[PDB]
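Trainee:
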């Protein structure tokens, strides 16, 4: 009906590919004339609709058409920098207007993957010599030159890669890679190190939801540099600030970083930002290990089989906001050792508080031991106390003898054992020996109930005398 299209976006390319098959081979005939025709006689083709025309373009290996026509496309898509702030502005689509020009960009992305698969693959014969109906897309492999110039695809690779490495702008680099680099067998983005890789990586990291998909890549690819001894440089970026909560991986990181932890080493310039932060991380590491020990006990309890009804009233509200929450509050199993452990881990200074925690701990261990003790209640007590005194480096004001001693004398009173052995438990916990003398002299005055029955003066003085002369702190 007189219909006539002066400029054609795809018909020209379709016809030209028909001629490429029948008249002009891209690699061996009229390559420069084909480029020039591509720009000036196929300038109208510029933007090509992913269609049958593109399917017949796939069988030939030419790609200078892809890159330059895409340039003219970004010309006919972004007239004056529309693309630059498209990503650069960042997630405004939440409306009918935002998801508008994504069309044919997502199509070029999915299509690129389709092209990657079909172009990389082989013909019917190459995967299977005999040929049944042929899938459109795979390159045919027949009557290839005697010389091993048959494998054009290899330099096709080299060419397209140069295209990636070399461009006036970033248009065919960053823009057409969305559904190609996040699919199998893509090595261009990793090999290239553009000065814009890092900013896109930080932008992806900013959103936790976006970050998780790229998280393993996010740490490495984000940093061009080895980042040899980065500690909390990705940790600030790391989401949920999850240092002491899960403890099924936090300790894995703690050990795999602490068998290299270098404190006072001057590895990183900002002590306040890295040294101070990693110091807090070390405190948190103690927190996580201790809380994890709480978890392991409560989880493998036989007396407490399932843990369905108690743990979630604690976990759902705060999983691990603060250590003392679970250390002093969130332990239905009634652990008190955790309470004083977090009073040392999280410093609190009440003689009455510290003292009561001591009594609560002693009563907890004796009660558990009667229910279950390896040998002698005192021996189980020794197990627990060395465990506590090893994880916690002793603080001189935070480990007063006066507090422990009354309960130790209570234990000697209740459970009769060799006098040298209670001395061995306290001695092996590292308890101050000067304060041992001072406490055992203050306490002796007035014959306090704890020191009654005079079990030690029997042979303790002489045993400790000989023990000391041969050896210290014994």
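In the entry's author numbering, the protein residues as written are 864 to 1337.
Ideal placement from N, C-alpha and C gives every residue a C-beta, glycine not left out.
Please confirm if residue 939 has its CB atom under 9 Å from at least one CB of chain C.
Mentor: Chain labels in this structure do not include chain C; a single protein chain is all it has.
Trainee: Do residue 1211 and residue 1201 have their beta-carbon atoms positioned less than 9 Å apart in this structure?
Mentor: Cβ distance not < 9 Å, so residue 1201 and residue 1211 don't count as in contact.
Trainee: Is the number of C-beta pairs between the stretch 1139-1146 and the stretch 1086-1095 that are closer than 8 Å three or more?
Mentor: The stretch 1139-1146, when compared against the stretch 1086-1095, does touch it at the 8 Å Cβ threshold.
Trainee: Determine the DSSP secondary structure at residue 1320, reduced to helix, strand or coil.
Mentor: Note: residue 1320 maps to helix in three-state DSSP.
Trainee: As a quick exercise: from 966, 1072, 1090, 890, pick the residue whose alpha carbon is nearest that of residue 1017.
Mentor: Out of 966, 1072, 1090, 890, 890 has the C-alpha closest to the C-alpha of residue 1017.
Trainee: Let me confirm a value: residue 1257 is counted as buried when at least 16 other C-beta atoms fall within 10 Å, else exposed. Which label applies?
Mentor: It is exposed - the Cβ of residue 1257 has fewer than 16 other Cβ atoms within 10 Å.
Trainee: Take residue 910 and list the residues in its own chain whose beta-carbon comes closer than 6 Å to its own, dropping the five residues that flank it on each side.
Mentor: Within the same chain, residue 910 has close Cβ partners 872, 936, 939.
Trainee: Roughly how many whole angstroms lie between the Cα atoms of residue 971 and residue 1177?
Mentor: Roughly 50 Å between the two C-alpha positions.
Trainee: May I ask you to report which of helix, strand or coil DSSP gives residue 1100?
Mentor: Residue 1100: coil per DSSP, three-state reduction.
Trainee: Looking only at its own chain, which residues have a Cβ that is under 6 Å from the Cβ of residue 1207, when we skip the five neighbours before and after it?
Mentor: Cβ neighbours of residue 1207 beyond the five flanking positions: 1255, 1261.
Trainee: How far does the alpha helix (DSSP H) with residue 883 in it reach, from first residue to last?
Mentor: 874-885 is the span of the alpha helix (DSSP H), which, as asked, contains residue 883.
Trainee: Using 10 angstroms around the beta-carbon of residue 1001, count the other beta-carbons present and answer buried if the total reaches 16, otherwise exposed.
Mentor: Per the 10 Å Cβ criterion, buried.
Trainee: Kindly confirm or deny that the stretch 1037-1044 and the stretch 970-986 touch, where touching means at least three C-beta pairs closer than 8 Å.
Mentor: Taking 8 Å as the limit for Cβ pairs, the verdict is that the stretch 970-986 does touch the stretch 1037-1044.
Trainee: Compute the Euclidean distance between the alpha carbons of residue 1129 and residue 1073, then round it to the nearest angstrom.
Mentor: Computed Cα separation, rounded: 34 Å.
Trainee: Out of curiosity, what's the CA-to-CA distance linking residue 1104 and residue 1158?
Mentor: In a straight line, the C-alpha of residue 1104 is about 20 Å away from that of residue 1158.
Trainee: Cα separation between residue 978 and residue 1084?
Mentor: Their backbone Cα atoms lie some 26 Å apart in a straight line.
Trainee: Go to residue 992, then tell me how far its alpha helix (DSSP H) extends in each direction, as first and last residue.
Mentor: First-last for residue 992: undefined, no H or E at that position.
Trainee: How is residue 1290 classed by DSSP in three states: helix, strand or coil?
Mentor: Three-state result, residue 1290: helix.
Trainee: Could you tell me whether the Cβ atoms of residue 927 and residue 1028 are closer together than 9 Å?
Mentor: No, these two residues do not count as a Cβ contact at 9 Å.
Trainee: Within the same chain, show all residues whose beta-carbon is closer than 7 Å to that of residue 1149, passing over the 5 residues directly before and after it, in chain order.
Mentor: These residues qualify, in order along the chain: 1208, 1254.
Trainee: From which residue to which residue does the alpha helix (DSSP H) around residue 1018 run?
Mentor: Here the alpha helix (DSSP H) through residue 1018 covers 1015-1028.
Trainee: Taking only the alpha-carbon atoms, compute the straight-line gap between residue 1269 and residue 1321 and give it to the nearest angstrom.
Mentor: In a straight line, the C-alpha of residue 1269 is about 19 Å away from that of residue 1321.
Trainee: What's the C-alpha gap between residue 1008 and residue 882?
Mentor: C-alpha separation (whole angstroms): 21 Å.
Trainee: With residue 950 as the anchor, note down where its alpha helix (DSSP H) starts and where it stops.
Mentor: Counting along the chain, the alpha helix (DSSP H) containing residue 950 begins and ends at 945-952.
Trainee: Determine the contact status of residue 875 and residue 905, defining contact as a CB-CB distance below 9 Å.
Mentor: Taking 9 Å as the Cβ cut-off, residue 875 and residue 905 qualify as a contacting pair.
Trainee: Do the stretch 1296-1311 and the stretch 1263-1278 meet, that is, are 3 or more Cβ pairs less than 8 Å apart?
Mentor: Yes, since at least three Cβ pairs between the stretch 1296-1311 and the stretch 1263-1278 fall closer than 8 Å, the two stretches touch.
Trainee: From the DSSP output, in three-state form, read off residue 1001 for me.
Mentor: Coil, per DSSP.
Trainee: Compare the C-alpha of residue 1153 against each of 1204, 964, 1173 and name the closest.
Mentor: Checked all of 1204, 964, 1173; the closest Cα to residue 1153 is 1204.
Trainee: Alpha carbon to alpha carbon, what distance is there between residue 1144 and residue 1283?
Mentor: Taking the straight line from one Cα to the other gives about 40 Å.
Trainee: Classify residue 1140 as helix, strand or coil using the three-state DSSP reduction.
Mentor: Here residue 1140 sits in helix by DSSP.
Trainee: In the DSSP assignment, find the alpha helix (DSSP H) that holds residue 1338 and state where it starts and stops.
Mentor: Absent from the model: residue 1338. The displayed extent of the chain is 864 to 1337, so no value can be given.
Trainee: State the start and end residues of the unbroken alpha helix (DSSP H) segment that holds residue 1240.
Mentor: Note, residue 1240: alpha helix (DSSP H), 1240-1254.
Trainee: Report back the beta-carbon spacing between residue 1120 and residue 1155 to the nearest angstrom; my notes put them in contact at under 8 Å.
Mentor: Contact flag wrong, Cβ pair sits at about 16 Å.
Trainee: Could you check which residue in 1070, 1089, 1110, 1109 has the C-alpha nearest to that of residue 1099?
Mentor: It is 1070.
Trainee: Please identify the residue among 953, 912, 1278, 1005 whose C-alpha is closest to the C-alpha of residue 966.
Mentor: Closest by alpha carbon: 912.
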